[PDB]
file model.tsv (TSV, C-alpha atoms)
chain	number	residue	atom	x	y	z
A	1	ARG	CA	16.62	-181.87	-25.87
A	2	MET	CA	18.24	-182.15	-22.41
A	3	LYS	CA	21.34	-180.33	-23.72
A	4	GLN	CA	19.12	-177.50	-25.04
A	5	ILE	CA	17.59	-177.16	-21.59
A	6	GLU	CA	21.04	-176.99	-19.96
A	7	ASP	CA	22.31	-174.41	-22.48
A	8	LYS	CA	19.17	-172.28	-22.16
A	9	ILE	CA	19.62	-172.17	-18.36
A	10	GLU	CA	23.28	-171.22	-18.87
A	11	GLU	CA	22.23	-168.34	-21.14
A	12	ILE	CA	19.63	-167.23	-18.60
A	13	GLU	CA	22.26	-167.29	-15.78
A	14	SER	CA	24.81	-165.20	-17.73
A	15	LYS	CA	22.06	-162.72	-18.57
A	16	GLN	CA	20.83	-162.50	-14.98
A	17	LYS	CA	24.42	-161.66	-13.90
A	18	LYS	CA	24.50	-158.87	-16.56
A	19	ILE	CA	21.13	-157.57	-15.26
A	20	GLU	CA	22.52	-157.66	-11.69
A	21	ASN	CA	25.62	-155.70	-12.85
A	22	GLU	CA	23.36	-153.13	-14.57
A	23	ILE	CA	21.19	-152.76	-11.44
A	24	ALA	CA	24.39	-152.15	-9.43
A	25	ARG	CA	25.38	-149.37	-11.87
A	26	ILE	CA	21.91	-147.85	-11.75
A	27	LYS	CA	21.91	-147.74	-7.92
A	28	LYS	CA	25.27	-145.93	-7.89
A	29	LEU	CA	24.16	-143.33	-10.43
A	30	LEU	CA	20.84	-142.92	-8.61
A	31	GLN	CA	22.80	-142.19	-5.40
A	32	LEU	CA	24.92	-139.59	-7.23
A	33	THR	CA	21.73	-137.80	-8.29
A	34	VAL	CA	20.43	-137.85	-4.69
A	35	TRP	CA	23.70	-136.26	-3.57
A	36	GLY	CA	23.61	-133.76	-6.45
A	37	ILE	CA	20.06	-132.54	-5.58
A	38	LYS	CA	21.14	-132.23	-1.93
A	39	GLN	CA	24.10	-129.94	-2.88
A	40	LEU	CA	21.93	-127.74	-5.11
A	41	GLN	CA	19.22	-127.23	-2.47
A	42	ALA	CA	21.89	-126.27	0.06
A	43	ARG	CA	23.47	-123.76	-2.37
A	44	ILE	CA	20.11	-122.11	-3.14
A	45	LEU	CA	19.10	-122.07	0.59
B	1	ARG	CA	9.21	-183.87	-16.93
B	2	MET	CA	11.10	-182.16	-19.76
B	3	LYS	CA	7.94	-180.30	-20.86
B	4	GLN	CA	7.39	-179.21	-17.23
B	5	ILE	CA	10.96	-177.84	-17.21
B	6	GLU	CA	10.57	-176.13	-20.61
B	7	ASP	CA	7.28	-174.51	-19.44
B	8	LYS	CA	9.16	-173.21	-16.34
B	9	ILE	CA	11.92	-171.80	-18.54
B	10	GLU	CA	9.28	-170.04	-20.73
B	11	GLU	CA	7.88	-168.27	-17.66
B	12	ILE	CA	11.41	-167.27	-16.59
B	13	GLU	CA	12.10	-165.82	-20.09
B	14	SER	CA	8.81	-163.86	-20.07
B	15	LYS	CA	9.63	-162.43	-16.62
B	16	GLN	CA	13.19	-161.62	-17.79
B	17	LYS	CA	11.92	-159.59	-20.74
B	18	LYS	CA	9.61	-157.76	-18.32
B	19	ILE	CA	12.65	-157.00	-16.12
B	20	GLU	CA	14.70	-155.89	-19.13
B	21	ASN	CA	11.91	-153.46	-20.21
B	22	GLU	CA	11.64	-152.15	-16.63
B	23	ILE	CA	15.40	-151.50	-16.52
B	24	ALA	CA	15.26	-149.71	-19.93
B	25	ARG	CA	12.52	-147.43	-18.51
B	26	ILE	CA	14.58	-146.75	-15.39
B	27	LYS	CA	17.75	-145.89	-17.34
B	28	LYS	CA	15.79	-143.45	-19.54
B	29	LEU	CA	14.31	-141.69	-16.52
B	30	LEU	CA	17.68	-141.64	-14.73
B	31	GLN	CA	19.22	-140.08	-17.89
B	32	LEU	CA	16.56	-137.33	-17.70
B	33	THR	CA	17.22	-136.61	-14.00
B	34	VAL	CA	21.00	-136.44	-14.56
B	35	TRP	CA	20.33	-133.95	-17.35
B	36	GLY	CA	17.95	-131.91	-15.18
B	37	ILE	CA	20.51	-131.68	-12.38
B	38	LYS	CA	23.23	-130.60	-14.82
B	39	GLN	CA	20.90	-127.88	-16.19
B	40	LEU	CA	19.99	-126.52	-12.74
B	41	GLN	CA	23.61	-126.47	-11.58
B	42	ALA	CA	24.70	-124.51	-14.69
B	43	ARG	CA	21.84	-122.07	-14.01
B	44	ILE	CA	22.68	-121.45	-10.34
B	45	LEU	CA	26.43	-121.16	-10.98
C	1	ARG	CA	22.48	-183.94	-13.80
C	2	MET	CA	18.65	-183.70	-13.81
C	3	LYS	CA	18.40	-182.25	-10.27
C	4	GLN	CA	21.06	-179.62	-10.95
C	5	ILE	CA	18.64	-178.34	-13.62
C	6	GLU	CA	15.84	-178.23	-11.01
C	7	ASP	CA	18.06	-176.47	-8.45
C	8	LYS	CA	19.15	-173.86	-11.03
C	9	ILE	CA	15.57	-173.08	-12.22
C	10	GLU	CA	14.50	-172.50	-8.63
C	11	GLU	CA	17.58	-170.29	-7.96
C	12	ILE	CA	16.89	-168.21	-11.12
C	13	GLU	CA	13.25	-167.73	-10.03
C	14	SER	CA	14.44	-166.58	-6.59
C	15	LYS	CA	16.94	-164.21	-8.19
C	16	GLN	CA	14.17	-162.71	-10.37
C	17	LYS	CA	12.05	-161.93	-7.28
C	18	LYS	CA	15.10	-160.31	-5.64
C	19	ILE	CA	15.63	-158.18	-8.79
C	20	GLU	CA	11.96	-157.12	-8.99
C	21	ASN	CA	12.11	-156.00	-5.33
C	22	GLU	CA	15.26	-153.94	-6.10
C	23	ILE	CA	13.53	-152.41	-9.13
C	24	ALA	CA	10.55	-151.42	-6.96
C	25	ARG	CA	12.93	-149.71	-4.48
C	26	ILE	CA	14.78	-147.91	-7.33
C	27	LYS	CA	11.46	-146.66	-8.79
C	28	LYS	CA	10.44	-145.17	-5.40
C	29	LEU	CA	13.71	-143.27	-4.97
C	30	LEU	CA	13.58	-142.15	-8.60
C	31	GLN	CA	10.16	-140.67	-8.04
C	32	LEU	CA	11.61	-138.77	-5.08
C	33	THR	CA	14.49	-137.33	-7.13
C	34	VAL	CA	12.02	-136.35	-9.89
C	35	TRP	CA	9.99	-134.48	-7.26
C	36	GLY	CA	13.12	-132.80	-5.78
C	37	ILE	CA	14.38	-131.54	-9.19
C	38	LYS	CA	10.89	-130.17	-9.95
C	39	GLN	CA	10.95	-128.29	-6.62
C	40	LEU	CA	14.44	-126.84	-7.23
C	41	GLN	CA	13.61	-125.72	-10.74
C	42	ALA	CA	10.48	-123.96	-9.49
C	43	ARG	CA	12.49	-122.25	-6.74
C	44	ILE	CA	15.22	-120.91	-9.04
C	45	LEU	CA	12.76	-119.96	-11.82
call {"tool": "encode", "arguments": {"input": "model.tsv", "output": "structure tokens"}}
result
Amino acid sequence: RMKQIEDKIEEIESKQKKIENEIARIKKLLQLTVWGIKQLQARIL
Amino acid sequence: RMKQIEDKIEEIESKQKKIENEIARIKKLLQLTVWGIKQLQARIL
Amino acid sequence: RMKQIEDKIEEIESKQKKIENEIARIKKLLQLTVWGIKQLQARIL
């Protein structure tokens, strides 16, 4: 039962790292879209 | 003590699924905004 | 071995709060980009 607890926490930790990596990707793409909107407003203005 | 720990893990897992669903929602909306920017650019060019 | 478990649970919980704060920041900026695209579309159409 103690091994199951340890393994569960391992699985949670690996998954949290994947979530963190995905958040990092999301922030970068979000910043691209900010920049993209900025360029389009400046072209139309 | 082991039940206390297992209960804590259960709350972590619940929260993690909440986070995962939040990130799915974000990625879907980000996909839309990327698309919308691509459409506007094509229009103005 | 037992206190490593306790340390890790508490570190995962902390990391989940960090992640939820990042998600809240992402959602705010997303809502801004949604608004900006809507404004640009209206201007060009």
call {"tool": "interface_residues", "arguments": {"input": "model.tsv", "of": "chain A", "to": "chain B", "cutoff": "8 Å", "atoms": "only C-alpha atoms", "output": "list in words"}}
result
residues 2, 5, 9, 12, 19, 23, 26, 29, 30, 33, 36, 37, 40 and 44 of chain A
call {"tool": "atom_distance", "arguments": {"input": "model.tsv", "atom1": "atom CA of residue A:22", "atom2": "atom CA of residue A:7"}}
result
22.7 Å
call {"tool": "atom_distance", "arguments": {"input": "model.tsv", "atom1": "atom CA of residue C:21", "atom2": "atom CA of residue B:3"}}
result
29.1 Å
call {"tool": "calpha_fit_and_write", "arguments": {"input": "model.tsv", "fixed": "chain A", "moving": "chain C", "output": "PDB file with C-alpha atoms, in the coordinates of the input"}}
result
ATOM      1  CA  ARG C   1      15.708-181.408 -26.606  1.00  0.00           C
ATOM      2  CA  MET C   2      17.408-182.107 -23.237  1.00  0.00           C
ATOM      3  CA  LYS C   3      20.578-180.109 -24.046  1.00  0.00           C
ATOM      4  CA  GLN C   4      18.603-177.095 -25.259  1.00  0.00           C
ATOM      5  CA  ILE C   5      17.231-176.974 -21.691  1.00  0.00           C
ATOM      6  CA  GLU C   6      20.809-177.045 -20.328  1.00  0.00           C
ATOM      7  CA  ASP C   7      21.975-174.344 -22.762  1.00  0.00           C
ATOM      8  CA  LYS C   8      19.016-172.093 -21.848  1.00  0.00           C
ATOM      9  CA  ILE C   9      19.517-172.444 -18.044  1.00  0.00           C
ATOM     10  CA  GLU C  10      23.158-171.462 -18.430  1.00  0.00           C
ATOM     11  CA  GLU C  11      22.224-168.487 -20.688  1.00  0.00           C
ATOM     12  CA  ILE C  12      19.584-167.281 -18.164  1.00  0.00           C
ATOM     13  CA  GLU C  13      22.162-167.495 -15.340  1.00  0.00           C
ATOM     14  CA  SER C  14      24.615-165.454 -17.435  1.00  0.00           C
ATOM     15  CA  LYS C  15      21.910-162.902 -18.210  1.00  0.00           C
ATOM     16  CA  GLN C  16      21.118-162.563 -14.478  1.00  0.00           C
ATOM     17  CA  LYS C  17      24.773-161.740 -13.694  1.00  0.00           C
ATOM     18  CA  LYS C  18      24.755-159.148 -16.505  1.00  0.00           C
ATOM     19  CA  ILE C  19      21.572-157.598 -15.019  1.00  0.00           C
ATOM     20  CA  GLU C  20      22.977-157.514 -11.462  1.00  0.00           C
ATOM     21  CA  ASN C  21      26.095-155.710 -12.763  1.00  0.00           C
ATOM     22  CA  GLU C  22      23.857-153.138 -14.532  1.00  0.00           C
ATOM     23  CA  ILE C  23      21.838-152.681 -11.334  1.00  0.00           C
ATOM     24  CA  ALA C  24      25.047-152.043  -9.369  1.00  0.00           C
ATOM     25  CA  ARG C  25      26.073-149.366 -11.922  1.00  0.00           C
ATOM     26  CA  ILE C  26      22.584-147.754 -11.794  1.00  0.00           C
ATOM     27  CA  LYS C  27      22.697-147.647  -7.961  1.00  0.00           C
ATOM     28  CA  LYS C  28      26.078-145.825  -8.034  1.00  0.00           C
ATOM     29  CA  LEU C  29      24.865-143.146 -10.449  1.00  0.00           C
ATOM     30  CA  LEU C  30      21.618-142.808  -8.503  1.00  0.00           C
ATOM     31  CA  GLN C  31      23.559-142.119  -5.347  1.00  0.00           C
ATOM     32  CA  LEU C  32      25.418-139.393  -7.242  1.00  0.00           C
ATOM     33  CA  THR C  33      22.202-137.721  -8.438  1.00  0.00           C
ATOM     34  CA  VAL C  34      20.792-137.915  -4.881  1.00  0.00           C
ATOM     35  CA  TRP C  35      23.926-136.122  -3.657  1.00  0.00           C
ATOM     36  CA  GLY C  36      23.726-133.484  -6.452  1.00  0.00           C
ATOM     37  CA  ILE C  37      20.039-132.635  -5.749  1.00  0.00           C
ATOM     38  CA  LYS C  38      20.844-132.321  -2.022  1.00  0.00           C
ATOM     39  CA  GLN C  39      23.660-129.879  -2.880  1.00  0.00           C
ATOM     40  CA  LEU C  40      21.451-127.774  -5.192  1.00  0.00           C
ATOM     41  CA  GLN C  41      18.626-127.582  -2.693  1.00  0.00           C
ATOM     42  CA  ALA C  42      21.033-126.424   0.013  1.00  0.00           C
ATOM     43  CA  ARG C  43      22.466-123.785  -2.334  1.00  0.00           C
ATOM     44  CA  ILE C  44      19.101-122.292  -3.328  1.00  0.00           C
ATOM     45  CA  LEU C  45      17.671-122.516   0.220  1.00  0.00           C
TER      46      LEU C  45
END
call {"tool": "atom_distance", "arguments": {"input": "model.tsv", "atom1": "atom CA of residue B:25", "atom2": "atom CA of residue A:10"}}
result
26.1 Å
call {"tool": "axis_aligned_box", "arguments": {"input": "model.tsv", "around": "stretch 3-11 of chain C", "padding_each_side": "5 Å", "output": "JSON"}}
result
{"center_x": 17.8, "center_y": -176.3, "center_z": -10.8, "size_x": 16.6, "size_y": 22.0, "size_z": 15.7}
